[PDB]
Amino acid sequence: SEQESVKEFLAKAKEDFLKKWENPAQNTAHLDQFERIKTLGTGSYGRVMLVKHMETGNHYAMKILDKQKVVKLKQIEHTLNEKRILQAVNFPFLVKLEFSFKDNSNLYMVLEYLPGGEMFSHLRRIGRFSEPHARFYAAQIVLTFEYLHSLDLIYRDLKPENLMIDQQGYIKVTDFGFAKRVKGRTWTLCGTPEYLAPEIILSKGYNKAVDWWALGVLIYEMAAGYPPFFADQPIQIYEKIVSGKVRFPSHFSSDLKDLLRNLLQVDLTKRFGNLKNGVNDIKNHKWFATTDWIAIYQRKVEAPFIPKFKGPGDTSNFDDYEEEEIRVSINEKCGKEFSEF
Amino acid sequence: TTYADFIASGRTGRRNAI
Ligand SMILES: NC(=O)c1cccc2[nH]c(-c3ccc(O)cc3)nc12
């Protein structure tokens, strides 16, 4: 039975997660084991660098956080939770944390390198994705949220910026900074304005249904080339979200608009993914009728777009950033705060 | 058009979390 298979898989996956969650892996590498190639990304968190593991010649993306800045920006819990979740999860569409360690000044997350770059760049370059192209990425998100939500995990930051394309043209969810273990409800104001569910904006207690609303935003942005709610300032974006009046481009198929009306649903008792049949309301929708869910999960489906492969450490799909020094203090900074990292 | 409104706006780049 196909439904008996999913239940057994999820039961084993929960058991694997709880074990790693209870006793997280720590200090599984050292900085001297790597060679820096190029800064791939920057921000308040710190930076992401393409690195080369000296012994193997293998390439990885290394996220480096400055402990002092993390403490100053009050992101200690956010940083610890990001790493604790990432080392405990295992799914084909989730970025793998290969190693983690810390020194006197920094925290290091060595992640699987995704040379295809961000979906964001590909989407802005092409303008908009066709419906079968958008469908292929959407299907991977559906299976990822089904996995995360079974572990009582809410993602909270779905957007093309947090999705990256691998060598096979398959996607990977990246940033686990806003991911949270939620048994019942949560109230924290977090996520990206364009992707926020009305209940977050309205300061209500919320759950995993916020991720299904964000899926509706993602699908709309992939298909149209722009989000369903946009404006110059976040405040003006929020007013559009709470209004809920969605306009669809004329090129959107009827099956697409229908699915979108059910995901971009203000009423929590009517939003797909949040009803009696849970994820199956989405999986069995007409828009996903040509989707072979097992073939997507098993990565057997031919991707609609395969990025230009030019070596394992190729950086052509990333923007250039100022190459800043990696300073390591002689003095141990914030030792107590990052004890569990 | 809707795309034109978006393109001319200040939110076409990578968006930060709040
Ligand atoms: N994996 C990459 O190739 C990569 C490249 C550029 C920026 C990146 N940010 C992340 C990432 C992953 C997990 C996480 O909790 C936070 C950030 N991974 C990359």
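Residues numbered from 1 in each chain as written, not as in the entry; some residues may be left out. Chains lettered and ligands numbered in written order. Heavy atoms only, no water. Residues with missing side-chain atoms left out of burial classes, pairs and counts.

Visitor: I would appreciate a short explanation of the nonpolar core in the present structure.
Guide: The tendency in soluble globular proteins is for nonpolar side chains to be buried as a group. Residue and element names in this part refer to chain A. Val89, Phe176 and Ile219 are the most contacted members of the largest nonpolar core, which totals 97 residues. Tallying contributions element by element places helix α7 (residues 209-224) first for this core, with twelve residues. Two domains each donate at least three residues to this core, and these are domain 1 (2-23 + 118-309) and domain 2 (24-117 + 310-339). Setting aside anything within four residues of it in sequence, one finds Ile219 in contact with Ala138, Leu256, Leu259, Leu260, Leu263 and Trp287. In this structure, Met49, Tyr60, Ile64 and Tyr108 belong to the second largest nonpolar core, which totals ten residues. (Core = buried A, V, L, I, M, F, W, Y, C linked by side-chain atoms within 4.5 Å. Buried < 20%, exposed > 50% of the residue type's maximum accessible area, 1.4 Å probe, protein only. Helix = DSSP H or I, 4+ residues; strand = E, 2+ residues; numbered from the N terminus. Domains from an automatic or database assignment. Contact = heavy atoms within 4.5 Å.)

Visitor: What is the right way to look at the packing of aromatic side chains in this model?
Guide: The way to describe two aromatic rings as a pair is by their centre distance and the angle between their planes. Residue and element names in this part refer to chain A. Counted under the stated rule, the structure contains 28 aromatic pairs over all chains. Note on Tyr113 and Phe318: the rings are 5.8 Å apart at their centroids and 25° apart in plane angle, and the pair reads as stacked. Taken together, the residues span a long stretch of sequence, with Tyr113 in the loop between β5 (106-112) and α4 (119-126) and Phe318 in the segment after α11 (293-297) at a distance of 205 residues. Across the pair, exposure class does not vary: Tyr113 and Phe318 are buried alike. With centroids separated by 5.9 Å and ring planes inclined at 80°, the aromatic side chains of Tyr226 and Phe230 adopt a geometry described as edge-to-face. The burial state of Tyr226 is the same as that of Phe230; both residues are buried. Grouping aromatic residues by their ring pairs yields a cluster made of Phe9, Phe91, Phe93, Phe129, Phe136, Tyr137, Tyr147, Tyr170 and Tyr297. (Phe/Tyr/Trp six-rings, centres within 6.5 Å; stacked < 30°, edge-to-face > 60°.)

Visitor: What am I meant to see in α4(A) here?
Guide: Side chains that are three or four residues apart share a direction in an α-helix, a result of its 3.6 residues per turn. For α4(A), every residue scored as buried is listed here: A:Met119, A:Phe120, A:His122, A:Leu123 and A:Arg124. Elements in contact with the buried residues of α4(A): α5 (131-150), β7 (163-165), β8 (171-173) and α7 of chain A together with α1 (2-8) of chain B.

Visitor: For this particular structure, what's the right way to read the site of the ligand?
Guide: All names here are of chain A. Every one of the 17 residues lining the ligand counts as a neighbour, but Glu82, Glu112, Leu114, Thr174 and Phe176 are closest to it. At 2.9 Å from a nitrogen atom of the ligand is found a main-chain nitrogen or oxygen belonging to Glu112. With respect to the ligand, the backbone of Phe176 contributes an N or O atom lying 3.1 Å from an oxygen atom. Sorting the residues of the shell around the ligand by element identifies β3 (59-66), α3 (76-88) and β5 as the ones contributing at least two each. Ranked by the residues each element gives to the shell around the ligand, the list is headed by β5, at three residues. When residues are assigned to domains, the shell around the ligand turns out to be shared by domain 1 (2-23 + 118-309) and domain 2 (24-117 + 310-339), each giving three or more. (Near = heavy atom within 4 Å. Polar contact = N/O pair within 3.5 Å; in protein donor to acceptor, adjacent residues only side chain to side chain.)

Visitor: Is there a simple way to think about the sheet that holds strand β4 (residues 97-102) of chain A in this case?
Guide: Strands belonging to one sheet form pairs held by backbone hydrogen bonds; the direction of such a pair is parallel or antiparallel. All names here are of chain A. Read across the sheet, five strands follow the order β1-β2-β3-β5-β4 without closing on themselves; strand pairing throughout is antiparallel. The open sheet has two edge strands, β1 (34-42) and β4, and neither has a second partner. Across the sheet, the mean angle from the axis of one strand to that of its neighbour is 25°, orientation sign disregarded. Pairing between strand β2 (residues 47-53) and β3: six bridges, direction antiparallel. Counterpart to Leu50 in the pairing with β3 is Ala61. (Pairing = 2+ DSSP bridges. Axes fitted to C-alpha atoms, helices over the stretch in contact; angles between N-to-C directions.)

Visitor: Help me understand the environment of A:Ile141 in this model?
Guide: Residues and elements named next belong to chain A. Topologically, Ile141 is positioned in helix α5. With 37 residues separating them along the chain, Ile141 and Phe178 place their C-alpha atoms 16 Å apart. In this structure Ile141 touches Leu158, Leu163, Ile171, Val173, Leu215 and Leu218, once residues within four positions along its chain are discounted.

Visitor: In this structure, what is going on with the pairing of β4(A)? I would like to understand it.
Guide: When a strand is regular, its side chains alternate between the sheet's two faces. All names here are of chain A. Bridging between β4 and β5 involves five bridges; their strand directions are antiparallel. By the bridge assignment, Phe99 is partnered in β5 with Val110. Where β4 hands over to β5, the hairpin turn is made up of three residues, counted between the paired strands.

Visitor: Explanation requested: the UniProt feature "domain: AGC-kinase C-terminal" in chain A in the structure shown.
Guide: Per the UniProt record, "domain: AGC-kinase C-terminal" is annotated on residues 289-341 of chain A. What you have in residues 289-341 of chain A is 9% helix and 0% strand, and the ends, taken at the C-alpha atoms, are 44 Å apart. (UniProt positions renumbered as here; feature names shortened; annotations may be inferred.)

Visitor: Sorry, what's going on with the packing of α7(A) against helix α9 (residues 254-263) of chain A here?
Guide: Relative placement of two packed helices is described by the angle separating their axes and the distance separating the axes. Residues and elements named next belong to chain A. Between α7 and α9, whose axes approach to 8 Å, the crossing angle comes to 145°. As for how α7 packs across α9, the hand of that crossing is left-handed. Residues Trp212, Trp213, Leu215, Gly216, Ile219, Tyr220 and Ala223 of α7 form the contact with α9, whose participating residues are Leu256, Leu259, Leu260 and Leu263. (Left-handed = near helix turned anticlockwise from the far one by under 90°.)

Visitor: Would you take a moment to explain the interface of chain A and chain B for this structure?
Guide: Taken together, the contact between chain A and chain B spans 26 residues of the former and 13 residues of the latter. Broken down by secondary-structure element, the contributors of at least two residues to the side of chain A that touches chain B are α4 and α8 (234-243) of chain A. Element by element, the count of residues in the side of chain A that touches chain B is highest for α8(A), at three residues.

Visitor: Quick question: what am I supposed to make of the pattern of salt bridges here?
Guide: Two side chains carrying opposite charge are able to pair once their charged atoms lie near each other. Scanning all chains against the criterion turns up 15 salt bridges over all chains. The shortest N-O distance in the salt bridge between A:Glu323 and A:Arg36 comes to 2.8 Å. With A:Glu323 in the segment after α11 and A:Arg36 in strand β1, this pair connects stretches of sequence that are 287 residues apart. Measuring nitrogen to oxygen at the nearest pair gives 2.7 Å for the salt bridge that ties A:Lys38 to A:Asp320. Residue A:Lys38 is located in strand β1, and its partner A:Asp320 is located in the segment after α11; the two are separated by 282 residues in the primary sequence. Taking relative accessible area as the criterion, A:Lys38 reaches 14% and is therefore assigned buried. Each of A:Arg124, A:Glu161, A:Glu221 and B:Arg15 takes part in a single network of salt bridges with overlapping partners. (Salt bridge = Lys/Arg side-chain N within 4 Å of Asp/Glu carboxyl O.)

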